[PDB]
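J.: Residue numbers (PDB author numbering), protein chains in the order written: chain SD, 115 to 171; chain SQ, 3 to 146; chain SZ, 41 to 115; chain SF, 16 to 204; chain ST, 2 to 144; chain SS, 1 to 145; chain Sc, 5 to 68; chain SR, 1 to 68. A virtual CB, placed ideally from N, CA and C, is assigned to each residue, including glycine.
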RNA sequence: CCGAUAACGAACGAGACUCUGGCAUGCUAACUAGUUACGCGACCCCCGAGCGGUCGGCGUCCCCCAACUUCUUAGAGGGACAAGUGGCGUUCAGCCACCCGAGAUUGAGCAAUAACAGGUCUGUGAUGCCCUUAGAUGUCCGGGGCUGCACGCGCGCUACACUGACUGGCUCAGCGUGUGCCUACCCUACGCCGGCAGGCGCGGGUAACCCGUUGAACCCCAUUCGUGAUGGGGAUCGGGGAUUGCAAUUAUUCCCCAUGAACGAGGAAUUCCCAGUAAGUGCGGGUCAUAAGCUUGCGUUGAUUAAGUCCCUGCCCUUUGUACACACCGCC
Ligand SMILES: [Mg+2]
Ligand SMILES: [Mg+2]
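In structure tokens, the structure reads:
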């Protein structure tokens with residue numbers, strides 16, 4: 115999961131963006147669920163402009 | 003002699019009640035909703051209507067005809083819109099049909115007695131939030 | 041402080057009191073005359089307009105909730 | 016000149032002591048034909064002082080659930096009371112009210128949070144603004160207490176309250192509480 | 002010295018016209034006037050025996066101000082307030098047939114006719130009296 | 001004029017199986033009769049053509065008995081068929097209106113009729129429980145403790 | 005044997021007190037003597053210039 | 001109270017004062033129009049906040065040596 | 001944020017932003033909004049005015065056969081930025097008072113890292129694992145149940161009365177909805193019958209075109225009530241009638257007539273709140289075949305105290321102590 119996310123996050127910055135953040139959560143490793151957040155660049159969350167500044171999936 | 007194009011329609015609004023005053027050259031006459039001012043339901047607040055004419059006297063109103071229509075708000079909001087309309091139409095009539103020095107010596111007495119006559123009240127309402135029944139009241143909470 | 045037991049109908053023992061000095065004070069009101077004569081108060085209103093018809097009592101207000109009488113012009 | 020309710024002009028009223036002079040608004044500038052104005056007096060601290068006292072009594076007279084926005088009923092009650100007190104005494108209703116305000120405001124109180132003496136511990140005197148505010152509140156409450164379950168009406172109750180207060184006879188509710196507050200405060204000096 | 006109904010007090014105007022209809026006995030009155038209420042919400046029958054002569058007087062004044070009124074317009078004008086006991090109060094309309102028979106009765110005095118569209122309005126015949134009565138009560142009130 | 005009390009003013013009257021106060025107004029004084037309500041009282045006084053403004057105690061004896069038989073017999077005196085109490089009788093089908101203790105024992109007769117047929121409403125009545133389907137979770141506790 | 009009620013005019017607002025802020029502490033100067041001044045605790049809103057009643061001569065004066 | 005400016009508005013104010021000094025004065029109304037053409041301010045409520053501070057620093061700049 | 005500063009240069013959050021409200025007689029506009037003027041009228045004045053007054057009566061996009069946006073609506077824009085004066089301040093950041101100003105703090109929406117064994121597998125053709133799978137935990141139908149009552153708690157509605165109830169008269173709102181792919185079910189003017197719920201015939205509206213100028217409530221103006229558990233309050237219960245549906249009993253709801261229960265302002269405690277605020281007071285939408293005491297919003301009337309504090313309950317930064325780290329509901 116981490117190795118794949120590194121290639122994805124690298125490719126997004128390769129194509130050209132101000133920042134990117136990926137969060138993968140669930141039944142990773144053992145039974146207890148955990149979340150991994152690879153975040154880089156700039157990433158705002160508050161206000162009106164986040165509506166048209168982010169691509170969320 | 004019978005000159006046309008002497009009419010100013012200056013409004014006054016208070017608590018959603020928009021009031022239109024029609025000021026015209028002619029005999030001294032005051033009428034709102036096709037009714038005389040003294041013939042109106044809130045006799046408790048009749049002096050609010052009589053307030054501007056009591057401050058300025060009927061001598062200035064002699065050459066002025068007033069016809070007011072109001073289509074909004076509540077009872078006393080309609081009244082406060084009416085009295086604002088009467089004064090605001092009059093000062094504008096003196097502002098563009100005689101010298102505005104006369105407009106000044108009629109504005110000073112009104113503005114020193116009550117600012118609401120020539121300044122509208124900006125406060126309207128507030129939205130009710132889903133934490134309580136009112137705009138700021140919150141629903142009563144319990145712990146046990 | 042149990043009951044007022046006010047008299048709904050005039051008796052002569054107080055009717056003469058009504059006719060002598062009830063129109064003698066400025067604040068003659070239906071309520072004041074009700075507790076002064078131990079009369080009901082509906083009777084107080086009804087009889088007060090009787091003295092109004094006799095013209096010895098002067099009115100000022102005539103309100104549906106607060107009607108105010110007074111004595112004649114003395115002096 | 017102003018003829019509040021068509022009579023009872025404010026030119027012939029006075030305050031007997033200079034402590035309350037700045038905050039009583041029966042002045043000729045603060046004279047109003049009618050005691051009703053949505054003038055945004057309470058937008059700031061000390062900005063309610065210039066509001067006319069008659070209007071302050073009007074606002075204060077509505078309480079206890081059934082009377083919270085009803086100002087038309089309040090003005091008609093106060094106006095009928097003013098004609099009543101002018102009738103019963105023969106002088107200016109505003110002059111009777113001003114005498115009542117002076118005579119009803121307690122000159123001292125007491126407040127503490129720890130182990131109080133009797134009700135509070137330390138006696139602290141009041142400001143002229145609290146003198147006025149406690150006076151109006153006391154007069155309004157005295158009227159409501161009297162006419163709860165009897166045949167008397169509110170215009171009468173406010174009338175006798177002002178009459179007993181403006182003179183001082185130990186029968187008005189306002190001065191009865193003024194006696195208690197001053198006695199306990201002296202006990203808590 | 003012109004007189005309009007809008008120039009006089011409406012409460013005293015309807016009082017005058019109530020007696021005017023009372024003396025002119027050309028007004029049809031049903032047999033159940035003494036029994037039923039004026040509205041579904043009103044708890045008690047009206048105190049006045051000539052309530053029909055006041056309702057008919059009032060609606061004539063209403064038709065002066067704006068025509069085209071029908072049964073729905075009347076029952077919305079005369080709608081009151083049903084306290085419903087322990088339930089919260091709700092606004093309730095008046096009686097349909099009471100207002101319907103009043104408006105039907107005004108053709109018996111020939112002062113209300115149906116418009117080209119829905120609803121009905123005053124005749125010029127009735128409008129003549131509605132101002133004449135305004136003149137007499139205005140003078141009596143003034144003097 | 002609000003004249004003085006008449007000599008033949010009965011401070012309490014005696015109608016059917018009850019006594020009314022003559023000090024209060026006649027319109028609301030005959031509502032003290034068990035079975036006579038507010039609206040029924042104000043219409044039989046209109047039919048009897050009595051002066052409403054008077055009190056109950058000054059009614060003449062012939063006025064009282066005339067009103068009594070008006071309220072006793074509703075059908076033959078223009079009282080509406082929809083104005084009664086025992087309309088469309090369970091027992092004998094007739095449109096009657098009862099205004100005395102006979103209302104109580106008629107109500108008892110209907111009540112014991114439901115219990116004799118052991119209907120659901122009757123059984124709940126026999127148990128002292130509610131019948132109008134209302135909840136018993138949190139109310140009605142004053143009649144129990 | 006007794007002292008009559010006097011009045012004093014405030015000169016400045018020093019600071020709140022009472023461990024709730026429900027009282028203010030203000031320096032006043034006597035109206036019987038301009039050179040006589042004390043500091044007193046008074047409840048309610050107080051500003052400069054205003055004059056307040058005084059039922060007793062010296063009660064409390066503490067530096068906060 | 002509660003009107004303290006931000007590093008965003010202040011930094012732009014220092015930038016434009018020492019780059020366009022000759023084109024600025026002591027009028028809020030004039031300078032807010034001056035900032036329109038040299039600076040691309042996306043908010044109407046922000047462009048008068050910059051200019052309001054610009055006149056503030058220009059009152060001081062006529063008396064003392066500001067760090068800019 | 002200014003400042004110093006072994007830190008420099010940044011980033012998110014705060015701010016900033018969007019929406020809403022407050023002024024724009026400045027611009028564009030309008031038969032799905034009107035307003036002024038003119039002409040027909042309708043009525044009153046008439047002694048006599050005569051441009052006398054009123055009309056939500058008709059007209060002047062019934063296309064050449066009046067204009068305008070002030071009120072209405074919605075776009076482009078403007079407008080307030082601590083701008084100006086004084087005082088305090090390192091005179092920096094900034095703070096207070098005042099003039100002019102519609103506005104000198106309008107309300108929200110969004111909202112950081114990190115975490116909770118907080119809630120949802122009963123929102124899903126989200127889902128792992130386990131269970132069941134024809135005598136089924138699938139699935140359909142009939143009935144009952146979810147309502148059931150010696151009691152305790154919470155969210156609320158109605159009250160306790162005259163600062164009121166009833167009766168009649170006068171008479172002012174803004175949110176917003178309205179006829180359906182499945183899926184049948186809209187909002188309603190007008191007239192007539194009935195006392196009422198309702199019923200019938202007729203229109204309009206897929207909507208600034210019609211309901212609707214939303215004739216709301218509160219409130220105001222007069223009558224009665226008269227301090228009584230009274231005409232306050234209407235709980236419980238009987239009888240009768242209608243509406244929705246296949247079905248109303250365990251009363252769906254609504255209407256009328258019947259009895260009129262406690263309740264006379266509420267002990268220990270405690271909730272919410274600083275201006276269009278609370279409270280009063282109704283009106284929309286959601287739920288709906290039938291429906292609101294709930295909830296979500298709107299409107300009307302409209303205050304008192306306060307421009308402070310750490311006292312209680314807590315929160316943030318720094319120092320401090322710790323035998324705590326499942327973190328004081330700790331450990332012992
Ligand atoms: Mg933000
Ligand atoms: Mg009765």
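What three-state label does DSSP hand residue 7 of chain SS in the structure shown?
T.: Reduced to three states, the DSSP call for residue 7 of chain SS is coil.
J.: Verify whether the separation of the beta carbon atoms of residue 172 of chain SF and residue 180 of chain SF is less than 8 Å.
T.: No, these two residues do not count as a Cβ contact at 8 Å.
J.: Sort SQ/123, SQ/67, SQ/87 and SQ/112 by Cα distance to residue 9 of chain SQ and report the nearest one.
T.: When each option's Cα is compared against that of residue 9 of chain SQ, the closest is SQ/67.
J.: For ligand 1, I want to know if residue 160 of chain SD counts as a neighbour, meaning its beta carbon is within less than 7 Å of at least one of the ligand's heavy atoms.
T.: Checking every heavy atom of ligand 1 against the Cβ of residue 160 of chain SD, one is found closer than 7 Å.
J.: Just the Cα atoms here: how many angstroms apart are residue 98 of chain SQ and residue 74 of chain SQ?
T.: Roughly 29 Å between the two C-alpha positions.
J.: Below 7 Å, is the gap between the Cβ of residue 31 of chain SS and the nearest heavy atom of ligand 2?
T.: It does: the Cβ of residue 31 of chain SS is within 7 Å (strictly closer) of some heavy atom of ligand 2.
J.: Could you compute how far the alpha carbon of residue 56 of chain SR sits from the alpha carbon of residue 8 of chain SR?
T.: Residue 56 of chain SR and residue 8 of chain SR: Cα-Cα distance of roughly 16 Å.
J.: Should residue 123 of chain SQ be flagged as near chain SF, meaning a C-beta pair shorter than 8 Å?
T.: So yes, residue 123 of chain SQ belongs to the interface.
J.: Measuring from the CB of residue 38 of chain SS, is there a heavy atom of ligand 2 at a distance below 7 Å?
T.: Yes, ligand 2 has a heavy atom inside 7 Å of this Cβ.
J.: Please classify residue 129 of chain SS as buried or exposed, where buried requires at least 16 other C-beta atoms within 10 Å of its C-beta.
T.: Counting Cβ neighbours within 10 Å, residue 129 of chain SS comes out exposed, since fewer than 16 surround it.
J.: Under 7 Å from any heavy atom of ligand 2, does the C-beta of residue 13 of chain SQ make it?
T.: No, since every heavy atom of ligand 2 falls outside the 7 Å radius drawn around the Cβ of residue 13 of chain SQ.
J.: What does the Cβ neighbour count give for residue 176 of chain SF, buried or exposed, with the cut at 16 atoms within 10 Å?
T.: Classification for residue 176 of chain SF: buried.
J.: Work out the CA separation of residue 93 of chain ST and residue 98 of chain SS for me, nearest whole Å.
T.: The alpha-carbon atoms of residue 98 of chain SS and residue 93 of chain ST are separated by roughly 32 Å.
J.: What does residue 43 of chain SS touch in chain ST if you count any residue whose Cβ is under 8 Å from its own?
T.: Those within 8 Å of residue 43 of chain SS in chain ST are 35, 36 and 46.
J.: Please list, in chain order, the chain SF residues whose beta carbon lies closer than 9 Å to that of residue 81 of chain SZ.
T.: Ordered by position in chain SF, the residues that pass the 9 Å Cβ test against residue 81 of chain SZ are 166.
J.: Please list the segments of the beta strand (DSSP E) lying wholly inside the region 111-183 of chain SF, counting only runs of 3 or more residues, in order along the chain.
T.: Entirely contained in the region 111-183 of chain SF, the beta strand (DSSP E) runs reaching 3 residues are, in chain order, 123-125 and 138-141.
J.: Excluding the 5 residues preceding and the 5 following residue 77 of chain SS in the sequence, name in chain order all residues of the same chain whose CB lies nearer than 8 Å to its CB.
T.: Hits under 8 Å: 47 and 70.
J.: Among the candidates SF/109, SF/133 and SF/61, whose CA atom is the shortest distance from the CA of residue 145 of chain SF?
T.: Ranking the options by Cα distance to residue 145 of chain SF, first place goes to SF/61.
J.: Taking only the alpha-carbon atoms, compute the straight-line gap between residue 106 of chain SS and residue 34 of chain SS and give it to the nearest angstrom.
T.: Whole-angstrom Cα-Cα distance: 13 Å.
J.: Which same chain residues, not among the five before or five after residue 64 of chain SQ, have their C-beta less than 7 Å away from its C-beta?
T.: Only 30 meet the Cβ criterion.
J.: How would you write the range of the beta strand (DSSP E) that residue 155 of chain SD sits in, first residue to last?
T.: 148-155 is the extent of the beta strand (DSSP E) around residue 155 of chain SD.
J.: In this structure, what does DSSP give as the bridge partners for residue 15 of chain SS?
T.: DSSP lists SS/18 as partners of residue 15 of chain SS.
J.: Quick test of the definition: if touching needs 3 or more C-beta pairs under 8 Å, does the region 111-119 of chain ST touch the region 59-74 of chain ST?
T.: Yes, they touch.
J.: What residues from the region 35-54 of chain Sc come within 9 Å of chain SF, judged by C-beta to C-beta, listed N to C?
T.: Going along the region 35-54 of chain Sc in chain order, one finds 35, 44, 45, 46, 47, 48, 49, 50, 51, 53 and 54 with a Cβ nearer than 9 Å to chain SF.
J.: Can you check whether the C-beta of residue 90 of chain SF is within less than 8 Å of a C-beta belonging to chain SQ?
T.: Residue 90 of chain SF counts as touching chain SQ.
J.: If you draw a straight line from the C-alpha of residue 159 of chain SD to the C-alpha of residue 135 of chain SD, how long is it?
T.: Looking at the two C-alpha atoms, the distance is approximately 11 Å.
J.: Which same chain residues end up closer than 7 Å to residue 80 of chain ST when comparing Cβ atoms and leaving out the 5 residues on each side of it in sequence?
T.: Once the five neighbours on either side are set aside, the close Cβ partners of residue 80 of chain ST are 92, 93, 94 and 95.
J.: Rounding to the nearest angstrom, what Cα-Cα distance links residue 106 of chain SF and residue 12 of chain Sc in this structure?
T.: Their Cα atoms are separated by approximately 32 Å.
J.: Could you pull the DSSP bridge partners for residue 48 of chain SF from this structure?
T.: In DSSP, residue 48 of chain SF forms no bridge with anything.
J.: Would you call residue 230 of chain ST buried or exposed, if buried means 16 or more other Cβ atoms sit within 10 Å of its Cβ?
T.: With chain ST covering 2 to 144 only, the question about residue 230 of chain ST has no answer from this structure.
J.: Return yes when the Cβ of residue 44 of chain Sc is within less than 8 Å of the Cβ of residue 140 of chain SF, no when it is not.
T.: Contact: yes.
J.: Short check: CB of residue 90 of chain ST to CB of residue 83 of chain ST, under 8 Å?
T.: Against a cut-off of 8 Å, the Cβ pair of residue 83 of chain ST and residue 90 of chain ST comes out as a contact.
J.: Does residue 9 of chain SS have its Cβ less than 8 Å from a Cβ in chain SZ?
T.: Taking Cβ atoms only, chain SZ reaches closer than 8 Å to residue 9 of chain SS, which makes this a yes.
J.: Verify whether the separation of the beta carbon atoms of residue 183 of chain SF and residue 149 of chain SF is less than 8 Å.
T.: No, the pair does not count as a contact, with Cβ atoms beyond the cut-off.
J.: Going by CA-CA distance only, name the one from Sc/22, Sc/31, Sc/15 and Sc/42 that's closest to residue 138 of chain SF.
T.: Of the listed residues, the one whose Cα sits closest to residue 138 of chain SF is Sc/22.
J.: For residue 65 of chain SF, which residues in the same chain have their Cβ closer than 8 Å to its Cβ, ignoring the five residues on either side in sequence?
T.: Only 40, 45 and 56 meet the Cβ criterion.
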